[PDB]
């Protein structure tokens, strides 16, 4: 299974931004990588929300993160995988 465990977060772009910041400088040790704030940029789309991806050294560690971390009410989340080599 060449997955990478990740979590996608969606909500108003600014609050997403500061959430990242906070994650960085309080919970650095709890995950691997973290995206800038993106959205879907085609016509198109599936939804209007900004997005920030976070990645993890393992499901077990992705677990430890969701226990410990306080997710702002204003932003919703989902778990998934992306191919590990896209990192």
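Residue numbers count along the first chain shown, from 1.
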Third of the chain, ranked by Cα B-factor, where residue 30 sits: middle
Lowest, middle or highest third - CA B-factor, residue 1: highest
Among modelled residues of the same chain, the CA temperature factor third for residue 74: middle
Lowest, middle or highest third - CA B-factor, residue 65: highest
B-factor third for the C-alpha atom of residue 13 within its chain: lowest
